[PDB]
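Note that these values count all heavy atoms, side chains included, but never hydrogens, waters or copies made by symmetry. One-based numbering along the sequence shown.
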Amino acid sequence: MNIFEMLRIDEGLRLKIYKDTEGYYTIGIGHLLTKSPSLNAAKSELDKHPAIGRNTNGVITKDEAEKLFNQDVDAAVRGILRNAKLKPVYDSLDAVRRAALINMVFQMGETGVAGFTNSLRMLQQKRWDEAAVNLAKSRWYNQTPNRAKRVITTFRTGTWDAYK
């Protein structure tokens, strides 16, 4: 396991336009196409992404999916490295826990995760179970419980147990 395999589990692989946890048009492996309510709007965006740049009509191959996936993951890592509150945290975690942090940014963006103040602090001080206890009481946790549980278990143990 690693970040890719982990996110593929959390996000699933959908070759056709779908709606996310929030009601937004996404495709593949969690690739948000557009916050607009229009499926046409969505198809448009899709047809225009450089990795695709063709006429899909809401349908992509398994390759294009992974290609967007790769980019999205990199984008996540960038957001982290470019965020002042996040970077310090990342630098301080091990290879497995780093995957947990990337998962949160991938899911919710750099800005959202940056606002997990108390939890980031506990993570920086290596207080696993407290970090865990603390994350479990967020709205993120109530919103996507299944996912959140595995991520938290990841921070807590520093093992892939929750995904195995």
Side-chain angles (χ1 to χ4, degrees), residues 1-14 18-36 45 49-51 62-164:
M1 209 136 334
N2 52 69
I3 195 32
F4 286 97
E5 285 122 54
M6 176 204 197
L7 273 154
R8 218 181 305 240
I9 286 161
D10 293 336
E11 301 286 358
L13 176 53
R14 277 174 279 178
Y18 63 91
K19 300 219 245 143
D20 77 357
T21 33
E22 337 277 315
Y24 307 133
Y25 298 93
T26 304
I27 195 162
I29 309 149
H31 179 93
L32 181 97
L33 295 161
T34 150
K35 293 243 208 153
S36 93
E45 282 299 338
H49 179 296
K62 201 237 199 94
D63 262 28
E64 298 187 314
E66 266 133 5
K67 146 152 268 245
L68 296 162
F69 189 30
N70 204 269
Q71 317 214 338
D72 289 344
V73 170
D74 177 74
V77 181
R78 289 180 199 218
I80 285 165
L81 297 160
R82 140 256 165 83
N83 197 294
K85 284 146 227 203
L86 295 177
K87 203 181 167 293
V89 183
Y90 185 78
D91 292 332
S92 102
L93 294 162
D94 56 81
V96 176
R97 305 196 165 81
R98 296 164 158 211
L101 188 58
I102 301 158
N103 197 311
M104 298 180 78
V105 172
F106 184 105
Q107 173 174 38
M108 62 205 129
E110 138 193 37
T111 312
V113 184
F116 274 79
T117 283
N118 304 336
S119 294
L120 291 162
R121 149 175 329 106
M122 280 158 262
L123 294 164
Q124 205 162 351
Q125 320 170 322
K126 310 195 174 281
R127 283 140 74 119
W128 324 126
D129 327 292
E130 343 181 6
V133 159
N134 193 254
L135 297 148
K137 1 146 96 185
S138 44
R139 131 145 175 234
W140 164 63
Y141 182 102
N142 295 124
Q143 281 337 108
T144 51
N146 288 339
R147 200 210 178 127
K149 250 169 271 198
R150 302 190 278 271
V151 173
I152 289 160
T153 296
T154 313
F155 278 125
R156 186 181 262 197
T157 61
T159 66
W160 291 118
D161 288 328
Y163 289 90
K164 295 193 317 197

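- A donor-acceptor pair under 3.5 Å is absent between the side-chain atoms of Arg150 and the main chain of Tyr163, judged by distance alone.
- The side-chain heavy atoms of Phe4 and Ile29, taken from C-beta on, include no pair separated by under 4.5 Å.
- Interatomic distance, OG1 of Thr111 versus CG of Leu86, reported as 9.0 Å (0.5 Å rounding).
- Salt-bridge annotation for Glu110 and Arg78: absent, with no side-chain N of the basic residue lying under 4.0 Å from a carboxylate O of the acidic one.
- Of the inter-residue distances, the one linking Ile27 atom CD1 with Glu45 atom CD reads 12.5 Å to the nearest 0.5 angstrom.
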Q: Starting from the C-alpha separation in whole Å, work towards a yes-or-no answer on side-chain contact (heavy atoms from CB on, under 4.5 Å) for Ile80 and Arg98.
A: CA-CA 10 Å; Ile80 285 165; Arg98 296 164 158 211; over 6 Å; no
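- Among all heavy-atom pairs drawn from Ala99 and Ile3, the shortest one is O-CD1, 3.5 Å.
- A 6.0 Å sphere centred on NZ of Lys19 holds no more than 12 heavy atoms belonging to other residues, nucleotides or ligands.
- With no hydrogens or angles considered, a side-chain donor-acceptor pair links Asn2 and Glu5 at under 3.5 Å.
- What you find for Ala132 and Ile152 is that their closest heavy atoms are CB-CG2, 3.6 Å.
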Q: Go through the steps to decide whether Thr21 and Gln143 satisfy the test side-chain contact (heavy atoms from CB on, under 4.5 Å), and finish with yes or no.
A: CA-CA 9 Å; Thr21 33; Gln143 281 337 108; over 6 Å; no
Q | Stepwise side-chain contact (heavy atoms from CB on, under 4.5 Å) test for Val77 and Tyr90 | A | CA-CA 10 Å; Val77 181; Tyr90 185 78; 4.2 Å; yes
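- Minimum interatomic distance between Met104 and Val113 (heavy atoms only, all atoms of both residues): O-CG2, 3.2 Å.
- Within the 4.5 Å cutoff, side-chain heavy atoms of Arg156 are placed close to those of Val133.
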Q | Steps toward side-chain contact (heavy atoms from CB on, under 4.5 Å) verdict (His49, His31) | A | CA-CA 11 Å; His49 179 296; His31 179 93; 4.1 Å; yes
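- At a threshold of 4.5 Å between non-hydrogen side-chain atoms, the residues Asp20 and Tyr25 do not count as touching.
- Put simply, CD1 on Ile102 and CG on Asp72 are 13.0 Å apart, with the number rounded to the nearest 0.5 Å.
- Of all the heavy atoms in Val105 and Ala76, the pair that sits closest is CG1-O, 3.8 Å.
- The closest side-chain heavy-atom distance from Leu101 to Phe155 is below 4.5 Å.
- Using modelled atom types and a 3.5 Å distance limit, the side chains of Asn118 and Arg121 yield a donor-acceptor pair.
- Side-chain atoms of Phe106 and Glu11, non-hydrogen and from C-beta on, do get closer than 4.5 Å to each other.
- Of all the heavy atoms in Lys35 and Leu32, the pair that sits closest is CG-CD2, 4.1 Å.
- The CG atom of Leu33 sits 13.5 Å away from the OH atom of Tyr24 when rounded to the nearest 0.5 Å.
- Side chain of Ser138 to backbone of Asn134: no donor-acceptor contact under 3.5 angstrom is found.
- Using a 4.5 Å heavy-atom threshold, the side chains of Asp10 and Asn103 count as touching.
- When all heavy atoms of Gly30 and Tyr18 are compared, the pair lying nearest together is N-OH, 3.0 Å.
- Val96 is not listed as a side-chain neighbour of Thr159, based on a closest heavy-atom distance of 4.5 Å or more.
- The side-chain heavy atoms of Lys126 and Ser92, taken from C-beta on, include a pair separated by under 4.5 Å.
- Taking CE of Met6 as the start and CH2 of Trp160 as the end, the distance is 5.0 Å to the nearest 0.5 Å.
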